[PDB]
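>
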Amino acid sequence: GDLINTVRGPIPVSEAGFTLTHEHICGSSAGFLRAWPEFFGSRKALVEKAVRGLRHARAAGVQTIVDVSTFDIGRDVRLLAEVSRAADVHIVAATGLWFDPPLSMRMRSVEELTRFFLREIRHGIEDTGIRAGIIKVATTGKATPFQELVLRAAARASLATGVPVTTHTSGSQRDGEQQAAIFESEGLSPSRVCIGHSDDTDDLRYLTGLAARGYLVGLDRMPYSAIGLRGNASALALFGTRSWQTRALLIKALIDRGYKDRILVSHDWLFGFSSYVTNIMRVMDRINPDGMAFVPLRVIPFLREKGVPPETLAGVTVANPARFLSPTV
Amino acid sequence: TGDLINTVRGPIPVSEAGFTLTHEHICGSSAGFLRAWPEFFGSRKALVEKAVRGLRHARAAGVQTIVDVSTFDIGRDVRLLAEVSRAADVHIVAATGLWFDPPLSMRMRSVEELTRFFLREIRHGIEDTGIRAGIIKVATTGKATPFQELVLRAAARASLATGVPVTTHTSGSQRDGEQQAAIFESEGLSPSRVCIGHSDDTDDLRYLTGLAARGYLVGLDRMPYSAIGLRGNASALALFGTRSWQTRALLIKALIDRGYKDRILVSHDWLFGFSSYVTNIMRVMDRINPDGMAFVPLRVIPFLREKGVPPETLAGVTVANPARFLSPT
Ligand SMILES: [Zn+2]
Ligand SMILES: [Zn+2]
Ligand SMILES: [Zn+2]
Ligand SMILES: [Zn+2]
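Chains A and B supply the protein sequences, listed in that same order. Residue 144 in our numbering sits at position 144 of the first sequence, and the numbers go up by one each step. Residue 197 in our numbering sits at position 197 of the second sequence, and the numbers go up by one each step.
#1: Would you kindly check if the distance between the Cβ of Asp262(B) and the Cβ of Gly219(B) is under 9 Å?
#2: Is it true that the region 80-93 of chain B meets the region 8-25 of chain B, where meeting means three or more beta-carbon pairs spaced less than 8 Å apart?
#3: List the residues that DSSP assigns as beta-bridge partners of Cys194(A).
#4: Going by beta carbon distance, what residues of the same chain come within less than 7 Å of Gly209(A), once the five residues before and after it are set aside?
#5: Where do the ends of the beta strand (DSSP E) carrying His23(B) lie?
#6: Per DSSP, what are the beta-bridge partners of residue 330(A) in this structure?
#7: Any beta-carbon of chain B closer than 9 Å to the one on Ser69(A)?
#8: Rank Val309(B), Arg287(B), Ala236(B) and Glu49(B) by C-alpha distance to the C-alpha of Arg86(B) and give the top, closest one.
#9: DSSP three-state label for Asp68(B), please.
#10: In angstroms, rounded to a whole number, what distance separates the CA positions of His124(B) and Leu103(A)?
#11: Is any heavy atom of ligand 4 found at a distance shorter than 8 Å from the C-beta of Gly197(B)?
#12: Since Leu104(B) meets chain A, which of its residues come closer than 7 Å, beta carbon to beta carbon?
#13: Is any heavy atom in ligand 2 found nearer than 8 Å to the beta carbon of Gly27(A)?
#14: Can you pull the chain B residues whose beta carbon is under 9 Å from the beta carbon of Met107(A), in chain order?
#15: Which one or two residues does DSSP pair with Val265(A) in a beta bridge?
#16: Determine, using beta carbons only, whether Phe32(A) comes closer than 9 Å to chain B.
#17: At a cut of 8 Å, does the region 38-52 of chain B reach the region 24-40 of chain A through at least three beta carbon pairs?
#18: List, in order along the chain, the chain B residues whose C-beta lies closer than 8 Å to that of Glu126(A)?
#19: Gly28(B) by DSSP, collapsed to three states: which one?
#20: On the DSSP letters alone, give me the boundaries of the alpha helix (DSSP H) that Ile183(B) sits inside.
#21: Measure the C-alpha to C-alpha separation of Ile251(A) and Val68(A) and round it to an integer number of angstroms.
#22: Taking C-beta pairs closer than 9 Å, name the residues in chain B that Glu38(A) reaches, listed in chain order.
#23: With DSSP as the reference, identify every bridge partner of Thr6(A), one or two as the case may be.
#24: Is it true that the region 317-324 of chain A meets the region 267-275 of chain A, where meeting means three or more beta-carbon pairs spaced less than 8 Å apart?
#25: If you run the structure through DSSP and keep just helix, strand and coil, what is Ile130(A)?
#26: Only counting the same chain, and skipping five residues up and downstream in sequence, which positions put a Cβ closer than 6 Å to that of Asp76(A)?
#27: Do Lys142(A) and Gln178(A) have their beta-carbon atoms positioned less than 9 Å apart in this structure?
#28: Which residue wins for smallest C-alpha separation from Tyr207(B), given the options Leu239(B), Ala254(B), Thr313(B) and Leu304(B)?
#29: Kindly provide the ranges of any beta strand (DSSP E) runs that are 3 or more residues long and lie completely inside the region 221-260 of chain B, ordered along the chain.
#30: Name the residue from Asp221(B), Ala139(B), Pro297(B) and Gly163(B) whose alpha carbon lies nearest to the alpha carbon of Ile183(B).
#31: So, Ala58(B) versus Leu21(B), is the Cβ gap smaller than 9 Å?
#32: Can you tell me the Cα-Cα spacing of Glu184(A) and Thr161(A), whole angstroms?
#33: Give the interface partners of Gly75(B) over in chain A, defined as CB-CB distance under 9 Å, in chain order.
#34: Just confirm the distance between the C-beta atoms of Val163(A) and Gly133(A), as a whole number of angstroms; I'd bet it's less than 8 Å.
#35: Beta-carbon separation of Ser30(B) and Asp101(B) under 9 Å?
#36: Quick one, what's near ligand 2 if you take every residue whose CB is closer than 6 Å to any heavy atom, in chain order?
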């Protein structure tokens with residue numbers, strides 16, 4: 001069977017199992033973790049929290065997370081490897097570019113961005129030999145000309161290697177149509193693309209449209225429920241309405257319409273967050289102490305109460321991630 | 001009574017500094033970019049080999065020390081600096097602070113948080129290396145942004161606590177030194193601890209003598225950037241400006257012939273690797289200035305001595321002025 005690159009080497013597809021497709025170990029910035037580890041307290045304390053948070057998720061049944069932290073999110077793959085061993089949970093690193101690219105990237109052409117994505121997928125990240133197994137992009141509304149270059153190079157890298165592509169959208173936007181049109185003009189099939197953060201909006205026909213076209217619907221922000229008055233305006237902006245049941249009911253909504261094979265459910269959670277207000281992580285731990293165990297401990301039983309069969313959720317959590325992470329040339 | 005400054009190899013006394021270039025770069029990149037994609041420079045080894053050959057060419061021309069004012073967001077690899085320092089046998093001073101390409105993990109911080117980060121790389125060390133920075137680089141492009149004010153204030157407070165000096169980036173034509181000097185003084189920073197850089201990008205001798213009279217060091221640090229009618233490319237004419245190196249060097253004669261030889265610092269603002277601009281800009285630069293950072297001791301100094309400046313006045317500017325500038329209070 002096919003193999004999938006992890007931060008501990010390649011693993012057979014059958015061993016991925018229960019997989020979260022959009023997660024972060026640390027949401028920071030390029031080189032920030034090395035230069036200022038005291039921002040989190042200490043690098044030792046961040047490894048402790050991440051390892052402890054993953055063993056809690058592993059106890060609930062999670063076996064693999066897809067860390068979609070890219071170069072400009074501060075992806076330190078050695079940190080991803082250290083917590084993958086002490087917790088015994090497969091982690092799949094990513095390549096691509098978020099929406100905080102340093103100008104050493106913003107000045108690059110699409111051909112140059114293609115060679116850098118290919119390097120991290122085929123050669124390895126930095127100097128570790130660890131390769132990524134997924135590509136991450138991002139757009140802010142009407143995508144910038146450079147963001148359009150990024151979307152082009154990611155699809156060209158995906159066509160050469162078969163590695164999938166997952167996107168960042170302000171799900172409360174219609175970046176999906178804009179991202180899909182650029183992907184379709186590059187000849188990439190929608191079965192290798194995930195329009196992430198689709199659970200922010202309540203537009204059902206926008207989700208059904210993506211799935212009917214073959215795209216993977218990433219409902220990957222489940223624990224971000226309505227904040228109420230339990231946080232500042234910064235929290236309410238990034239965490240706010242609606243409730244997590246409203247997000248989880250979008251899984252039930254697509255399943256009832258025959259698109260059970262087009263769903264990927266995750267948390268978009270992290271254990272370190274530097275690209276936002278300070279101590280936002282303590283707010284997120286008040287709202288969700290389960291962390292990456294939220295979906296197995298809370299989302300799965302909530303759907304099961306509403307009459308969703310467990311074989312259907314066993315395909316959304318295991319079958320589709322295995323199908324989507326397998327390099328398809 | 002016992003003064004010494006931190007280099008990338010460790011503390012050395014001020015007496016052993018000598019001929020010092022006060023604003024140079026080994027590599028102009030972005031944070032974490034060198035180790036993530038070193039093939040952009042052909043190879044990391046080739047970047048070292050070219051850098052070591054360049055500094056030996058400068059020490060053969062009399063250069064004994066340079067200051068690498070590359071910050072975290074300029075791609076400063078303190079280990080790369082330590083390697084080329086021992087290999088070329090040239091003292092190099094590292095730098096903390098922030099340039100005008102900070103990531104989200106930096107733009108989202110407050111004045112105290114940035115003050116602690118600056119104090120970290122000055123007292124504790126940079127990254128996990130134990131190498132301490134001996135200067136602070138701040139940057140405003142025209143009028144200062146609200147974030148750049150917080151940086152300029154965090155540099156003044158960190159300077160007062162450690163006695164370490166501060167150098168700036170200015171769009172010399174817009175006279176950023178006026179607003180920069182006002183905030184440095186509102187934080188209680190003695191003007192003799194600050195150097196307004198890129199002051200030779202303007203002919204405003206009323207603006208230059210004003211800063212020298214107030215007690216600031218004047219950074220005439222872009223000497224080799226002589227604009228040639230090279231036809232292009234448009235990116236080349238935008239980086240080299242419009243004026244000749246004789247015009248830049250004559251600004252040294254004007255400030256000496258004004259009474260402020262104690263207030264001048266001369267440098268190249270040169271580098272051996274450029275990723276934060278267009279591709280192959282480094283080849284165009286080495287084509288124009290083949291002497292690299294030996295341009296000033298080989299061309300500028302003989303030009304000024306031909307214009308009548310005594311060698312004793314020149315020795316104080318290139319040796320005594322930087323030594324006085326780096327010795328902490
Ligand atoms: Zn996202
Ligand atoms: Zn995310
Ligand atoms: Zn500059
Ligand atoms: Zn510079």
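Don't be surprised by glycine CBs; every beta carbon is placed ideally from N, CA and C.
In short:
#1: Numbered from 1 along the second sequence, position 219 holds the residue referred to as residue 219(B). Numbered from 1 along the second sequence, position 262 holds the residue referred to as residue 262(B). No, they are not a contact pair.
#2: Three or more pairs of CB atoms, one per stretch, sit closer than 8 Å, so the region 80-93 of chain B contacts the region 8-25 of chain B.
#3: In the first sequence, residue 194(A) corresponds to position 194, counting from 1. Beta-bridge pairing by DSSP links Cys194(A) to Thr166(A) and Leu216(A).
#4: Within the first sequence, numbered from 1, the residue matching residue 209(A) stands at position 209. Excluding residues within five positions, none has a Cβ falling inside 7 Å.
#5: Stepping through the second sequence from its first residue, residue 23(B) is reached at position 23. Unbroken beta strand (DSSP E) run through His23(B): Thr20 to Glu24.
#6: Because chain A is modelled from 1 through 329, residue 330(A) falls outside the range shown and cannot be assessed.
#7: Locating residue 69(A) in the first sequence gives position 69, where the first residue counts as 1. In terms of beta-carbon proximity, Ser69(A) stays away from the interface with chain B, with every pair separated by 9 Å or more.
#8: Numbered from its first residue, the second sequence carries residue 86(B) at position 86. It is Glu49(B) whose Cα lies nearest to the Cα of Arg86(B).
#9: One-based indexing of the second sequence puts residue 68(B) at position 68. For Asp68(B), the three-state secondary structure derived from DSSP is strand.
#10: Here residue 124(B) is taken as the residue at index 124 of the second sequence, counted from 1. Here residue 103(A) is taken as the residue at index 103 of the first sequence, counted from 1. For the pair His124(B) and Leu103(A), the Cα-to-Cα distance works out to about 29 Å.
#11: Here residue 197(B) is taken as the residue at index 197 of the second sequence, counted from 1. True, at least one ligand heavy atom lies under 8 Å from that Cβ.
#12: By 1-based counting over the second sequence, the position of residue 104(B) is 104. Chain A residues near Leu104(B): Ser29, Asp100 and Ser275.
#13: Here residue 27(A) refers to the residue found at position 27 of the first sequence. At least one heavy atom of ligand 2 is nearer than 8 Å to the Cβ of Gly27(A), so yes.
#14: Position 107 of the first sequence, counted from the first residue, corresponds to residue 107(A). Here the neighbours are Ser275, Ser276, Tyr277, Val278 and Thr279.
#15: Looking up residue 265(A) in the first sequence gives position 265. DSSP output for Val265(A) lists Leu219(A) as bridge partner(s).
#16: One-based indexing of the first sequence puts residue 32(A) at position 32. Residue-level contact by beta carbon holds for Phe32(A) and chain B, with a gap shorter than 9 Å.
#17: Short answer: they don't touch.
#18: Position 126 of the first sequence, counted from the start, is the residue given in the question as residue 126(A). Result: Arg35 and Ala36.
#19: As a position in the second sequence, residue 28(B) is number 28, starting the count at 1. The answer is strand: DSSP assigns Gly28(B) an E or B state.
#20: Residue mapping note: residue 183(B) aligns to position 183 of the second sequence, counting from 1. For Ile183(B), the uninterrupted alpha helix (DSSP H) run begins and ends at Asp176 to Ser186, by DSSP.
#21: On the first sequence, residue 251(A) is found 251 positions in, with the first residue counted as 1. On the first sequence, residue 68(A) is found 68 positions in, with the first residue counted as 1. So the alpha carbons of these two residues sit roughly 21 Å apart.
#22: As a position in the first sequence, residue 38(A) is number 38, starting the count at 1. Those within 9 Å of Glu38(A) in chain B are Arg116, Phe117, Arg120 and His124.
#23: Taking the first residue of the first sequence as 1, we reach residue 6(A) at position 6. Bridge pairing for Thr6(A): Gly9(A) [DSSP].
#24: Because the criterion of three Cβ pairs below 8 Å is not met, the region 317-324 of chain A and the region 267-275 of chain A do not touch.
#25: In the first sequence, residue 130(A) corresponds to position 130, counting from 1. Three-state result, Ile130(A): coil.
#26: Walking along the first sequence from the start, residue 76(A) turns up at place 76. Answer for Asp76(A): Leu33, listed in chain order.
#27: As a first step, residue 178(A) must be located in the first sequence, where it is residue number 178. As a first step, residue 142(A) must be located in the first sequence, where it is residue number 142. Yes; because the gap between Cβ atoms is below 9 Å, this pair is in contact.
#28: Mapped onto the second sequence, residue 207(B) falls at position 207. Comparing alpha-carbon positions, the option among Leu239(B), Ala254(B), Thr313(B) and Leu304(B) lying closest to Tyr207(B) turns out to be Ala254(B).
#29: Those beta strand (DSSP E) runs which fall completely within the region 221-260 of chain B and span 3+ residues do not exist here.
#30: Counted from its first residue, the second sequence places residue 183(B) at position 183. Nearest to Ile183(B) by alpha-carbon distance, out of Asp221(B), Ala139(B), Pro297(B) and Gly163(B), is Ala139(B).
#31: Mapped onto the second sequence, residue 58(B) falls at position 58. Mapped onto the second sequence, residue 21(B) falls at position 21. It is a contact, given that the beta carbons lie within the stated cut-off.
#32: Working through the first sequence from its first residue, we reach residue 184(A) at position 184. Working through the first sequence from its first residue, we reach residue 161(A) at position 161. C-alpha separation (whole angstroms): 17 Å.
#33: Walking along the second sequence from the start, residue 75(B) turns up at place 75. Taking the beta carbon of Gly75(B) as reference, the chain A residues within 9 Å of it are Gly31, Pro102 and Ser104, listed in sequence order.
#34: Position 163 of the first sequence, counted from the first residue, corresponds to residue 163(A). Position 133 of the first sequence, counted from the first residue, corresponds to residue 133(A). Right, the Cβ-Cβ distance comes to about 6 Å (below 8 Å), so this counts as a contact.
#35: As a working mapping, residue 30(B) is identified with position 30 in the second sequence. As a working mapping, residue 101(B) is identified with position 101 in the second sequence. Taking 9 Å as the cut-off, the beta carbon of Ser30(B) is found closer than this to the beta carbon of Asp101(B).
#36: Those residues placing their Cβ nearer than 6 Å to any heavy atom of ligand 2 are, following chain order, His22(A), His24(A), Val68(A) and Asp268(A).
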